[PDB]
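Read through the structure below, which is laid out as structure tokens, and then see the notes.
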Amino acid sequence: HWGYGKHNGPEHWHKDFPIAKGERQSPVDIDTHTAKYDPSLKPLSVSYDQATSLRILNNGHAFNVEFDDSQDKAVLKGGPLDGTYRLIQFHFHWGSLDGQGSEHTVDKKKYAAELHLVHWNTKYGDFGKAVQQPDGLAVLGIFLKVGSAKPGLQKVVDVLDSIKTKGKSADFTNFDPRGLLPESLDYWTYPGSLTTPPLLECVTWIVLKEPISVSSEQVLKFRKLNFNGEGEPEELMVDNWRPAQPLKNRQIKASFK
């Protein structure tokens, strides 16, 4: 099945998922000089005060921090969006070394990691219906650089030892995703896709300009996770990023001057 290796990685995905070669694939390189400021874009509204995290999962690709999305509890609105998008999960992509790991790039710069907060459009009722729509999802992407520790990340890091291998989950309640946001909500936005199979072209991307800082020790803990299941040959969970895809007929817009 698909993964990140030589024999199953991103260049192979098109054989099982032909949209991999589609017109609105993600990630992309953000050319800061050509992204145009759009004064019609609104500030982003991130309302995570009532978010209810439930569980962390090692799905064999990354780990997912899952939320209760059975009410409007943690919603994204504004920005480029029409209507209301409910938080369902977050996860990261990261490298083997600090010089790689992000999916989006900024003027070809790769960050050490990238966080994706995934939200679905409430007008379609559930996530599975939403991913069938061109405006079904809004993903907030946040870059990570290595420097000072992010105190709001440590609870995540803490738990990873308990979910080392594929298929392991653990209770993960009361985690506040606000502690993962940078100070500014300035962003770039463009229409794209999920960055893992099935690669559906259902996402409005909102990529924050300001990275968060995490410590080397925090990231090193991500790199101790395993892509394999229990008792199988160990293959470290690193380099679980899809490279930049062709921009094609798209515009990237900036919220800021």
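To match Swiss-Prot, the residue numbers of chain A are left as they are there, and the shown ones run 4-260.
Every residue gets a Cβ built from N, Cα and C, even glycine.
Of the listed candidates (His119, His122), Swiss-Prot assigns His119 to the same Zn(2+) site as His94, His96. Candidates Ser151, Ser165, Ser187 were compared with Swiss-Prot; the annotation phosphoserine appears at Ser165. Residue annotated by Swiss-Prot as phosphoserine (from the set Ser172, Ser216): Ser172. Other than the site residues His94, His96, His119, same-chain residues with C-beta atoms no more than 8 angstroms from the centre of those residues' C-beta atoms, the Zn(2+) site, are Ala65, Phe93, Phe95, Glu106, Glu117, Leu118, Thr198.
The binding-site residues examined here are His94, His96; by Cβ neighbour count within 10 Å, the least packed of them is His94.
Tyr7 (site 'Fine-tunes the proton-transfer properties of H-64') counts 19 other C-beta atoms within 10 Å of its own C-beta, drawing on all protein chains shown.
For the pair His94 (Zn(2+) binding site) and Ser165 (phosphoserine), the C-alpha distance works out to 16 angstrom. The two recorded residues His64 (active site, proton donor/acceptor) and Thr198 (substrate binding site) have their Cα atoms spaced 12 Å from each other. The Cβ of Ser172 (phosphoserine) lies under 8 Å from the Cβ of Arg58, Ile59, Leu60, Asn61, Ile166, each of which sits 6+ residues away along the same chain.
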